[PDB]
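Notes follow once the structure below has been shown.
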Amino acid sequence: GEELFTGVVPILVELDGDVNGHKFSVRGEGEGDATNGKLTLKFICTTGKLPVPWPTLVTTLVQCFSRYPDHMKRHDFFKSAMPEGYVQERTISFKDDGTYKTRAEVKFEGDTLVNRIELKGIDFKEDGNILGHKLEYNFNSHXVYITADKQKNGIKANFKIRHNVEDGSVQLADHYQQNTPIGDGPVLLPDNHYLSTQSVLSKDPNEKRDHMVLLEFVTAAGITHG
Numbered sequence: 004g005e006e007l008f009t010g011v012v013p014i015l016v017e018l019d020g021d022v023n024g025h026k027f028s029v030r031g032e033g034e035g036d037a038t039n040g041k042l043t044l045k046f047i048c049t050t051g052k053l054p055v056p057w058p059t060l061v062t063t064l134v135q136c137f138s139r140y141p142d143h144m145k146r147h148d149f150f151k152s153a154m155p156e157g158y159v160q161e162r163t164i165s166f167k168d169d170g171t172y173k174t175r176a177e178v179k180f181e182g183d184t185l186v187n188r189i190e191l192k193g194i195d196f197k198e199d200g201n202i203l204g205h206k207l208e209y210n211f212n213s214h215x216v217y218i219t220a221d222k223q224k225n226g227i228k229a230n231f232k233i234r235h236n237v238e239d240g241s242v243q244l245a246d247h248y249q250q251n252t253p254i255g256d257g258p259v260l261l262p263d264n265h266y267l268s269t270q271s272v273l274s275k276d277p278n279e280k281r282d283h284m285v286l287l288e289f290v291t292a293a294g295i296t297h298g
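This is the structure in structure tokens:
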């Protein structure tokens with residue numbers, strides 16, 4: 004499905020969440036440019052005040137927009153599953169705190185790439201870095217390690233997110249990921265590699281709702297030319 008990503012593609016993101024019994028919704032819109040590995044989106048909390056820090060939701064809120141270099145084209149599972157798309161499931165374990173469990177469908181709905189997510193959070197501390205809102209409003213560059221899951225005709229990924237904390241410490245979030253195609257058409261099953269990620273978080277001066285503006289660049293790496 005790599006032909007679907009040669010230009011700029013519109014994106015819609017819909018998240019329904021529950022964290023320690025607090026119900027919230029997020030809606031996002033923007034565009035993806037896989038040629039340059041670039042994502043530009045704005046998210047709104049449509050239920051009022053977001054009950055967790057915006058940075059904790061960034062990984063949950134479309135790896136089909138990653139830039140795969142030409143020599144790594146045969147390792148791009150994410151585009152190969154389009155347009156019917158894939159199911160992306162995670163467990164995110166916040167060190168010394170709670171756990172998110174997520175299930176999303178990523179697929180084309182007409183000409184728009186849509187990411188529809190359900191999130192359940194449990195076992196969070198009221199006084200912790202997440203429900204205490206003690207995380208900095210920023211985002212680090214990460215190491216996303218991908219391996220084939222031959223049995224399920226899909227992939228797994230494993231990686232650590234580093235959330236800077238206002239007291240100068242780091243809140244680790246361990247990510248465990250599975251992706252399975254929605255269609256029965258063939259997909260690419262990759263050799264081991266990683267996605268090199270970078271993001272910045274900002275605000276829109278004319279937006280009164282609780283929101284996050286996101287710019288992200290992602291490139292695949294870890295396989296030698298030849």
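So the sequence shown is residues 4 to 64, 134 to 298, counted in the deposited numbering. C-beta: ideal position from N, C-alpha, C; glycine also.
Pairwise C-alpha distance: residue 289 and residue 61: 13 Å
Which residues in the same chain have their Cβ closer than 8 Å to the Cβ of residue 263, if we skip the five residues on either side of it in sequence? 147, 220 and 295
Looking at residue 299: is its Cβ nearer than 9 Å to the Cβ of residue 136? It is not possible to answer for residue 299, since the shown part of the chain is limited to 4 through 298.
Nearest by alpha-carbon distance to residue 9: which of 214, 16, 139 and 31 is it? 139
Contact set for residue 165: own chain, Cβ-Cβ below 6 Å, skip 5 residues either direction: 171 and 246
Let's see if you can read the secondary structure: which residues bound the beta strand (DSSP E) around residue 289? That run of the beta strand (DSSP E) goes 283-293.
By the three-class DSSP mapping on this structure, what secondary structure does residue 21 have? strand
Do the CB positions of residue 211 and residue 272 come within less than 9 Å of each other? yes
Quickly, what does DSSP pair residue 221 with across the bridge? List them, please. 226
How is the beta strand (DSSP E) around residue 42 delimited, first residue to last? 41-48
Return the residue from the list 260, 266, 278 and 285 that minimises the CA-CA distance to residue 152. Of the candidates 260, 266, 278 and 285, the one whose C-alpha sits nearest the C-alpha of residue 152 is 260.
Cutoff 7 Å; reference residue 4; Cβ partners in own chain excluding five residues on either side: 151, 152, 153, 154 and 155
Here's the rule I'm using: 16 or more other beta-carbon atoms within 10 Å means buried, otherwise exposed. How should residue 281 be labelled? It counts as exposed.
Closer than 6 Å by C-beta to residue 57: which residues in its own chain qualify, once you throw out the five before and the five after it? Chain order, please. 284
Let's see if you can read the secondary structure: which residues bound the alpha helix (DSSP H) around residue 60? From DSSP, the alpha helix (DSSP H) with residue 60 extends over 57-60.
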